[PDB]
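Chemist: As numbered in PDB author numbering, residues 31 to 345 make up the sequence shown, in order.
Note that beta-carbon positions come from the ideal geometry of N, C-alpha and C, so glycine has one too.
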Amino acid sequence: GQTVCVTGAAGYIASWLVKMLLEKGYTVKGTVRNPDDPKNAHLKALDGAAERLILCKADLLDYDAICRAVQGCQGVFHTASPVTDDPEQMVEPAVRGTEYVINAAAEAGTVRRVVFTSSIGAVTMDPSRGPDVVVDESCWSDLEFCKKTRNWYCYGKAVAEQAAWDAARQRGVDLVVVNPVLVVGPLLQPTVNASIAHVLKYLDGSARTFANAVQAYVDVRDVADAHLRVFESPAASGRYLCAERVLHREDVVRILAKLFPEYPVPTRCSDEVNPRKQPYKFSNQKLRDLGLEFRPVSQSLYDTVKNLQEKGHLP
Ligand SMILES: NC(=O)c1ccc[n+]([C@@H]2O[C@H](COP(=O)([O-])OP(=O)(O)OC[C@H]3O[C@@H](n4cnc5c(N)ncnc54)[C@H](OP(=O)(O)O)[C@@H]3O)[C@@H](O)[C@H]2O)c1
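Have a look at this one:
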């Protein structure tokens, strides 16, 4: 019976974090732009929301608004963040917004641990990285490479994380980070987020081809579960990579064609001339060591399409 804060509580990954929290007798203070906007309707109907959900009005760049939500809480889950390649609304709002939380939780005075939601964008983005090496928590991105290629979401997450590590040390608050990859799964929120858009663009004919690239995948519930496990585990420390497996673009559109042949999923590749990129080795032992059984991607991709259809996003 403790109290915790979750920023951007009505987000894709966040909405699942609240459900799990509310189900274990946690009081959840959910920061949103407007507690009475319809966007948050899907939070007031959870088993424990009426009793222990409290929607706090707060922008992420409003220091005082954060302190109001963070105050009285034993833990904080900073999930809110911009998700875009526009650096003007990504980079500084992420570092300032993140530093506000650490300070606010450090400001006063019950918080034993903060959990920041970083990204894989601050891990695997380094072309100097070898093909043989296992991508683990000690892997960081080349910030110059991100800047040269306009990868500002990956940039912002890297800086926002390192800023959180600094801010945490400077103020002496317990921090532990979770690095989810491209997340996918059932949507609780009524709107389509950025990661689902990468999945949905195959199923609505937005794409007639798929790129010659690779990427890691994880279920949204595996993420929400990770944040909760890394928080409750006392000895939990450092970063925590959160992924199930690495797939090629081809392997993805195959799984979707497999279970959904009535949709116009791509079959042809954008390259077809250079050798297809092979998936990279990675480690998710830190989360597994905490007793986390990852849901298969294929199983998670299915619940997504079934969810999107039920909610009108797909015919
Ligand atoms: N989903 C993934 O695949 C993935 C992978 C790696 C890391 N992450 C990170 O996980 C966290 C949540 O991701 P997500 O999938 O849940 O994305 P999301 O649902 O689309 O956005 C999360 C929430 O953050 C809010 N937000 C952003 N800027 C804000 C601001 N200045 N003030 C108040 N609220 C703000 C958003 O509100 P608005 O919609 O109104 O802007 C949204 O409700 C993020 O840090 C994300 O970068 C996600």
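CA-CA distance, residue 276 and residue 203?
Modeler: Against the sequence shown, residue 276 aligns to sequence position 246. Against the sequence shown, residue 203 aligns to sequence position 173. Between residue 276 and residue 203, the C-alpha separation is close to 34 angstroms.
Chemist: Report the three-state DSSP secondary structure of residue 301 (helix, strand or coil).
Modeler: For the purposes of this step, residue 301 is taken as residue 271 along the sequence shown, with counting starting at 1. It is coil, neither helix nor strand.
Chemist: Rounded to a whole number of angstroms, what is the C-alpha to C-alpha distance between residue 215 and residue 232?
Modeler: On the sequence shown, position 185 is the one that residue 215 refers to. On the sequence shown, position 202 is the one that residue 232 refers to. Each residue's Cα considered, the two are about 15 angstroms apart.
Chemist: State the Cα-Cα distance for the pair residue 208 and residue 256, rounded to the nearest angstrom.
Modeler: What you label residue 208 is simply residue 178 of the sequence shown in a count that begins at 1. What you label residue 256 is simply residue 226 of the sequence shown in a count that begins at 1. Taking the straight line from one Cα to the other gives about 7 angstroms.
Chemist: Put residue 68 into one of helix, strand or coil per three-state DSSP.
Modeler: As a position in the sequence shown, residue 68 is number 38, starting the count at 1. Correct three-state label for residue 68: helix.
Chemist: Whose C-beta lies closer than 6 angstroms to the C-beta of residue 169 among residues of the same chain, with five residues either side of it excluded?
Modeler: For this step, residue 169 is matched to residue 139 along the sequence shown. 153.
Chemist: Is it buried or exposed for residue 135, if we count other Cβ within 10 angstroms and need 16 for buried?
Modeler: Position 105 of the sequence shown, counted from the first residue, corresponds to residue 135. Residue 135 should be labelled buried.
Chemist: Identify every residue that forms a DSSP beta bridge with residue 143.
Modeler: Taking the sequence shown and counting its residues from 1, the one referred to as residue 143 is at position 113. DSSP, once it has assigned bridges, lists 105 as partnering residue 143.
Chemist: Counting C-beta neighbours from all protein chains within 10 Å, is the total for residue 181 16 or more, i.e. buried, or is it exposed?
Modeler: In the sequence shown, residue 181 corresponds to position 151, counting from 1. With 16 or more other Cβ atoms within 10 Å, it is buried.
Chemist: Please classify residue 330: is it buried, with 16 or more other beta-carbons within 10 angstroms of its beta-carbon, or exposed?
Modeler: Numbered from its first residue, the sequence shown carries residue 330 at position 300. The residue is buried, with at least 16 neighbouring Cβ atoms inside 10 Å.
Chemist: Could you say which of 288, 80, 226 and 183 lies nearest to residue 43 if we only look at CA atoms?
Modeler: One-based indexing of the sequence shown puts residue 43 at position 13. Residue 226 is the option with its Cα nearest to residue 43.
Chemist: Report all residues from its chain with a CB closer than 6 angstroms to the CB of residue 212; omit the five preceding and five following residues, and keep chain order.
Modeler: Along the sequence shown, read from residue 1 onward, the residue named residue 212 stands at position 182. Here the set comprises 225, 245 and 247.
Chemist: What are the boundary residues of the beta strand (DSSP E) that includes residue 291?
Modeler: Counted from its first residue, the sequence shown places residue 291 at position 261. Segment: none, residue 291 is in no beta strand (DSSP E) and carries neither H nor E.
Chemist: Where does residue 271 sit, in a helix, a strand or coil, going by DSSP?
Modeler: By one-based count along the sequence shown, residue 271 stands at place 241. Reduced to three states, the DSSP call for residue 271 is strand.
Chemist: According to DSSP, is residue 86 helix, strand or coil?
Modeler: For this step, residue 86 is matched to residue 56 along the sequence shown. It is a strand residue.
Chemist: What's the call for residue 219, buried or exposed, on a 16-neighbour Cβ count within 10 Å?
Modeler: Numbered from its first residue, the sequence shown carries residue 219 at position 189. Classification of residue 219: buried, given that the 10 Å Cβ count is 16 or more.
Chemist: Just the Cα atoms here: how many angstroms apart are residue 240 and residue 185?
Modeler: Position 210 of the sequence shown, counted from the start, is the residue given in the question as residue 240. Position 155 of the sequence shown, counted from the start, is the residue given in the question as residue 185. If you take the alpha carbons of residue 240 and residue 185, they lie about 24 angstroms apart.
Chemist: Pick out whichever of 162, 38 and 144 has its Cα sitting closest to the Cα of residue 361.
Modeler: This structure does not reach residue 361, given that the chain is present from 31 up to 345, and the question cannot be answered.
Chemist: For the putative contact between residue 47 and residue 83, defined by C-beta atoms under 8 angstroms, what is the C-beta separation to the nearest angstrom?
Modeler: Translated into the one-based positions of the sequence shown, residue 47 becomes position 17. Translated into the one-based positions of the sequence shown, residue 83 becomes position 53. Between residue 83 and residue 47 the Cβ distance is about 12 angstroms, and since that is not below 8 angstroms, they are no contact.
Chemist: Are the beta-carbon atoms of residue 34 and residue 103 separated by less than 7 angstroms?
Modeler: Position 4 of the sequence shown, counted from the start, is the residue given in the question as residue 34. Position 73 of the sequence shown, counted from the start, is the residue given in the question as residue 103. Against a cut-off of 7 angstroms, the Cβ pair of residue 103 and residue 34 comes out as a contact.
Chemist: Ordered along the chain, which non-local residues of its own chain (more than five positions away) have a Cβ less than 8 angstroms from that of residue 290?
Modeler: Position 260 of the sequence shown, counted from the start, is the residue given in the question as residue 290. 233 and 335.
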